[PDB]
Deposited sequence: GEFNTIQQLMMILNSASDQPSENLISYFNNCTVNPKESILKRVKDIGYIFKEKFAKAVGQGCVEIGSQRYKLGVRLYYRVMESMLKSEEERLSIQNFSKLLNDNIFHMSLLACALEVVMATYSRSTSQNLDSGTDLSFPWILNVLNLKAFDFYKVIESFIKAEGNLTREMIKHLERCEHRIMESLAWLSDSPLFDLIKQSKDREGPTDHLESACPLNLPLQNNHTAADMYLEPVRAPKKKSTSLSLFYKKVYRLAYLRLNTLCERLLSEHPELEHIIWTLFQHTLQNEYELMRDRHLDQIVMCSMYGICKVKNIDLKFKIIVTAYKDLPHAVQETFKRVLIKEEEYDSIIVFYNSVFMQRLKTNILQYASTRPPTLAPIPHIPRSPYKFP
């Protein structure tokens, strides 16, 4: 609301102080940035009508999105001016996935405001969930006027990428796993060392998955406060070394298996029944997560079918280590 009148009263072309940044650049990005709005102007409007019948509206959504895009870019560039060398500043300003991700974020804000949302806009712009993820926090941090409900919504996009969308096949997340700080830092990362993107994503995933584990242990496993850290160590040893199981799957399916699992090898016998019912009570939870779980070659079954097939089949060598004389040393709980 307070933001939405900034946009309509403002103009659809870059500010005059934003354009300075374009011209302090060693390669002026402007015509490329500007061809970029126009080329996406076609594609967006096209796919817009392809889902909403017909009315003209597509263009107004976009032309607001664009004003937000420039307002946030201008605000983002002000901070990165001090952080980046002139070389990085100019590479940023010509990086396609950067600018695409920033605009995809602007557009999601307006579309959601006037509510076919997330991850709709990623399919429209042929933008990998994991690339787009990198712009979300510095975007929230770069628009003061985002409303609670809007901030809360971008955060839920972030949590859906961390929980599933970044774990689908052809997602660059797996390319980065095999090999082994702001949005610019992550877009400037070369595809060719450290990888700040993968690091921040994993640190964030762990805090997410761990808060979801922690509530679920306070309902069903309050009896043994000690079972939590064990279940967490299992999940964390799973995400780090058997990460291939999250492909085309959902973070919460691994949280659930790590819980029945540790109650299985300690003879606690609080079975999948209570787990799924209590999980329904997690915010935004969907029943499909446990009723519909992949095994292999597109064949889906229930969560108990997954536990006894791929999860147990991959982890028996490790899980029994927990109830033995020498159980593995504990993982740290995320800060």
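- Several segments of the deposited sequence are absent from the coordinates, namely 1-6, 62-63, 124-135, 201-223, 236-238, 382-390.
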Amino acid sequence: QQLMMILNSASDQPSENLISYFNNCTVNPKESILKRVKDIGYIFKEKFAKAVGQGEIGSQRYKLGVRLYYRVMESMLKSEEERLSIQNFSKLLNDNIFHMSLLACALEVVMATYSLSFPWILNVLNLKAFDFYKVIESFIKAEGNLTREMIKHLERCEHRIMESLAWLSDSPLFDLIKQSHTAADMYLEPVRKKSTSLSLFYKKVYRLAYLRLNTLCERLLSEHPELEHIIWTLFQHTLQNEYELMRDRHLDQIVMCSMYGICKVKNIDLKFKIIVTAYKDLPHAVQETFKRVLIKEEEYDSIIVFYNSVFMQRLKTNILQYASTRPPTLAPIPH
From here on, numbers count along this sequence of modelled residues.
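- Per the PDB record, of the two stretches 197-205 and 223-231, 223-231 carries the greater mean B-factor over its C-alpha atoms.
- In this entry, 290-298 shows the higher mean Cα temperature factor of the pair 60-68 and 290-298.
- Ranked by C-alpha B-factor against the other modelled residues of its chain, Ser117 falls in the highest third.
- When all modelled residues of the chain are sorted by CA temperature factor, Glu244 is found within the highest third.
- When all modelled residues of the chain are sorted by CA temperature factor, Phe89 is found within the lowest third.
- Among the modelled residues of its chain, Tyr133 has a C-alpha B-factor that falls in the lowest third according to the deposited record.
- The PDB entry assigns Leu77 a C-alpha temperature factor belonging to the lowest third of its chain's modelled residues.
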